[PDB]
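One letter stands for each residue in the lines below.
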Amino acid sequence: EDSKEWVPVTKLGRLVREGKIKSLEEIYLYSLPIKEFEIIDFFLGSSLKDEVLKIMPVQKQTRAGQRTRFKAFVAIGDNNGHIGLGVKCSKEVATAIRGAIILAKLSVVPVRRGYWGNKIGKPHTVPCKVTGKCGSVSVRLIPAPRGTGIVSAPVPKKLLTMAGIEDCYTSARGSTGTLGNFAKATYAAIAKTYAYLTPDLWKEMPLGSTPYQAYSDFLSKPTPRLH
Amino acid sequence: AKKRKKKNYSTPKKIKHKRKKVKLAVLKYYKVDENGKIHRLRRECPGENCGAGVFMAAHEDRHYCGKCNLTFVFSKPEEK
RNA sequence: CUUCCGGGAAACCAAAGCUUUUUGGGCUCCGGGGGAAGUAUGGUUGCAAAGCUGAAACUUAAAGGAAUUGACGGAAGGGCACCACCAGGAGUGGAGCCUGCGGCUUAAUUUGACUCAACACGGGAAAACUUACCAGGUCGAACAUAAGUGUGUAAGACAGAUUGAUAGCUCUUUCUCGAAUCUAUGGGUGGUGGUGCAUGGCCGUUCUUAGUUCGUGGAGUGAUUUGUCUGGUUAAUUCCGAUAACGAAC
RNA sequence: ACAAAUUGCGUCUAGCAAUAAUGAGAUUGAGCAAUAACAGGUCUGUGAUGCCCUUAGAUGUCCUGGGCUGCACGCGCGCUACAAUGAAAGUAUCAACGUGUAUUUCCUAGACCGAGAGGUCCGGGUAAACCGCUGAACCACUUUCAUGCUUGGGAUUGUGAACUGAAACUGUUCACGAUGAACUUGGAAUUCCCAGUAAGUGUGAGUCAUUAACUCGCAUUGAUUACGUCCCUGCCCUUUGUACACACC
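Residues numbered from 1 in each chain as written, not as in the entry; some residues may be left out. Chains lettered and ligands numbered in written order. Part of a larger assembly, values for the part shown. Heavy atoms only, no water.

**A short note on the layout of surface pockets**
Point 1. Roughly 410 Å³ of volume is contained in the largest pocket.
Point 2. Lining the largest pocket we find 15 residues, and of these B:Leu24, B:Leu27, B:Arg42, B:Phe55 and B:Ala57 sit closest to its centre.
Point 3. Its residues assigned to classes, the lining of the largest pocket shows 12 nonpolar, two polar and one charged.
Point 4. Counted as a void, the second largest pocket has a volume near 310 Å³.
Point 5. Taken together, A:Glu25, A:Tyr28, A:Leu29, A:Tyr30, A:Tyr194, A:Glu204, A:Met205, A:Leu207 and A:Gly208 form the lining of the second largest pocket.
Point 6. Of the residues assigned to the lining of the second largest pocket, the class counts are six nonpolar, one polar and two charged. (1 Å grid on protein atoms, 1.4 Å probe; cavity = no way out; pocket = protein on both sides within 12 Å on 5 of 7 lines; lining within 4 Å. Points joined across faces, edges and corners; volume = space filled by probe spheres on them. Nonpolar A, V, L, I, M, F, W, Y, C, P; charged D, E, K, R; others polar.)

**Here we look at the protein's contact with RNA strand C**
Point 1. With respect to spatial proximity, 47 residues lie near RNA strand C, and among them A:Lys60, A:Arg63, B:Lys6, B:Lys16 and B:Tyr64 are the closest.
Point 2. Here, RNA strand C places atoms within 4 Å of the protein, and 71% of those atoms are sugar or phosphate.
Point 3. Contacts to RNA strand C include B:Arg19, whose side-chain N or O atom sits 2.4 Å from a base oxygen.
Point 4. B:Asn69 is positioned such that a nitrogen or oxygen atom in its side chain is 2.7 Å from a base nitrogen of RNA strand C.
Point 5. Listed by contribution, the elements that provide at least two residues to the surface near RNA strand C are β2 (57-60), β3 (67-78), β7 (130-133), β8 (138-143) and α6 (180-190) of chain A.
Point 6. Residue composition of the surface near RNA strand C, by class: 16 nonpolar, 11 polar and 20 charged. (Near = heavy atom within 4 Å. Polar contact = N/O pair within 3.5 Å; in protein donor to acceptor, adjacent residues only side chain to side chain. Helix = DSSP H or I, 4+ residues; strand = E, 2+ residues; numbered from the N terminus.)

**Some details on the packing of aromatic side chains**
Residues and elements named next belong to chain B.
Point 1. All chains considered together, the criterion is met by three aromatic pairs over all chains.
Point 2. Each ring, one from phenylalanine 72 and one from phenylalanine 74, has its centre 5.4 Å from the other, and the planes form 75 degrees; the classification is edge-to-face.
Point 3. Since its relative accessible area comes to 17%, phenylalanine 74 is described here as buried.
Point 4. Here the guanidinium or amino end of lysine 76 rests over the ring plane of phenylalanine 74, the centre of that ring lying 3.8 Å away. (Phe/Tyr/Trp six-rings, centres within 6.5 Å; stacked < 30°, edge-to-face > 60°. Buried < 20%, exposed > 50% of the residue type's maximum accessible area, 1.4 Å probe, protein only. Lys NZ or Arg CZ within 6 Å of the ring centre and 35° of its normal.)

**Some points on the packing of helix α5 (residues 154-161) of chain A against α6(A)**
Residue and element names in this part refer to chain A.
Point 1. Relative to each other, α5 and α6 sit at 35 degrees, their axes nearing to 9 Å. Considering how the two elements wind past one another, α5 and α6 form a crossing that is right-handed. Counted together, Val155, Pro156, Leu159 and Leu160 of α5 and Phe182, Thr186 and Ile190 of α6 form the full contact between these two elements.
Point 2. Per-class residue counts for the contact of α5 with α6 are six nonpolar, one polar and no charged. (Axes fitted to C-alpha atoms, helices over the stretch in contact; angles between N-to-C directions. Left-handed = near helix turned anticlockwise from the far one by under 90°. Contact = heavy atoms within 4.5 Å.)

**Section: helix α4 (residues 94-105) of chain A**
Point 1. Between its first and last C-alpha, α4(A) extends 17 Å over 12 residues, near the 16 Å set by a 1.5 Å rise per residue.
Point 2. Where α4(A) is buried, its residues meet α3 (37-43), β1 (49-51), β3 and β5 (86-90) of chain A. (Expected span 1.5 Å × (residues − 1).)

**Some points on unusual backbone geometry**
Residue and element names in this part refer to chain B.
Point 1. A cis geometry characterises the amide bond from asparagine 35 onward to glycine 36, with omega recorded as 5 degrees.
Point 2. If you trace the backbone, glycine 36 turns up in the loop between β1 (31-32) and β2 (38-39).
Point 3. In this model, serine 75 is joined to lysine 76 through a cis peptide bond whose omega is -5 degrees.
Point 4. Checked against the element boundaries, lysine 76 lands in the segment after β2.
Point 5. In this structure, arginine 42 is a non-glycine residue whose phi angle is positive, near 50 degrees.
Point 6. Secondary-structure assignment places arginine 42 in the segment after β2.
Point 7. Judged by its relative accessible area of 29%, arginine 42 is partly exposed.
Point 8. Here the phi dihedral of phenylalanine 72 falls at roughly 55 degrees; this positive angle occurs in a residue that is not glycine.
Point 9. Mapped onto the elements, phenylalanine 72 comes out in the segment after β2.
Point 10. Since its relative accessible area comes to 24%, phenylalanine 72 is described here as partly exposed.

In structure tokens:
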């Protein structure tokens, strides 16, 4: 049971419901705005587990007298090469986590996993070393050989067991109790791994189809073709 | 044993008896004359409103029947 | 000034940047939770005031930085209303009396309520009843057990005591409908008994108001803001109109 | 007023103007009320209730009493005053909201008697139909008074006569003829309110065996003054400040 087939709202998710794109990294190929989580329910959803990290309450001082709203964290990662992070405040803990798992799905980004020192057999850790700072915590991911698992604090070890990164070295400076700045620091470190010009990426591409060009007919038609 | 605040233990000793039973045996006291006349100890009620099954009292010069202990006072009161 | 399209915890900074991912242009001075304490003591300089050097015993879990949201709470600028004045009018506060609350006392003077938002309130205008308080009284209420057996286990009145009234409530002496076997024992039962600072409910005021919120965006690491505003006008978050989602919602 | 109502147009839009109507210059007050809250109040409104306490010897319960009313005193709501605009006598002669008895003593018409208080006798009425055309009060109209704690003012205490009810005693209330005190406009402080309103003036209902002296509604008589402003106590998320937690107590 769906029970509701998603409506194509943007022109991008028009095409995945009409199946004109059948590869998730095509929107990563041109860095599209992935602004419906109903996109990634098509491509993935098989093998996409949610874990929360904290349901940190937060308060405001009204004149009589306080008011609590809940900044629940959630973390989704396809178990090899895609990771996301979700944060939202609302009046109930249910209406955070029923909607936090949305906000992690929208920001799901691809991981580059690279060989540590000897290119044999499905690369695992990280191609380079990456720091992601989000406000005074900065986790410094480092490769490691095969068979030494994720050494970190227990929180971003959960950010990397679900990222597909297999054997990583980490070191985190700063106020590492602030969980928002310790999830996002690693999230801004994992996602970096495809934004660093390793010398393996010099020969370029044919440089484009830009699928609003490749499928300009189906967006020219106003008829909502089914399936 | 209740609880209060100001006034406790007036205690009129709460002596209320149930029934002393120091007298008034059930009428095993009776006698029949042999063949065949009977003597009715506590001879019965002459009041015609009952079936004369009361064993009317032996007392001082005021007696009474058994269906009503206060009334049927043996004085006798004459009506004329 | 404008911005990072650099950094930062931020406020910010054209350096407070190139402090990159365990980073490197030289060089020197300085900091290591807060106090104790720039104290104590020694040296040294000064006419002196004092300056430079400078601890510890002890004490302690926070102390501190920057920023958000709480005061259209003694700060500006707005905008209302007679539980605000002002221009008054009538008033009470004075007098006697009815009450209300206290304090007093008493056997008890049952009590809840104490600024607006307790006080001719609790609809609380009570001889009894109410009545919760005070004195005298009075009533009894469950069962399996159980022990008289039905040789009266009971229950009722006279009569003289006890009474406030006949309360055979109790009783001197009397007859009696006798059985729910009237049980010490389960323990439920009532309660105007306690806690409104354990609660439900309603109601009160906060607030005569005009004020709140949500998804979707851009704002921030974040608390949180934006929408929900500059102005004009309105009784008004009522509307034009800047129109930073709105079609919104109360 | 069912508002293009015209009006040297305000940011082309919400330029007051009183001007137009001639039942109508709102006929016009109420109810209604969000989010977040308070250790507000209510366990004594409830068979709403946690828990606590108690139960033949009750805090439960019915009876007879008592009290809740008692007093050197303090405090608030409120009553009639402190008088010639008045206190008396007379006459004239306007309401409205309402309410009223068949498992409870209501509304009372009529005659009659009684200083009165009331009482008797006989009706009406379950109510647009009877009480009831409720023919309300203050005020209007001639007089007595001649400001003199007076005839203003009726607390105060005797006495009997009464009513309602088992029962009236800092009293259940009510009648008469006595008793005439304080009180002469009330200090500092201080409340209320803008049109039929304020205040004066009654009446009904609510409780109620009888008891308003209070609370809700009703009508009558009917003003002064503002038509404003933010000094005042005020209150509303605009800006800014902070070392403020339970937030300037």
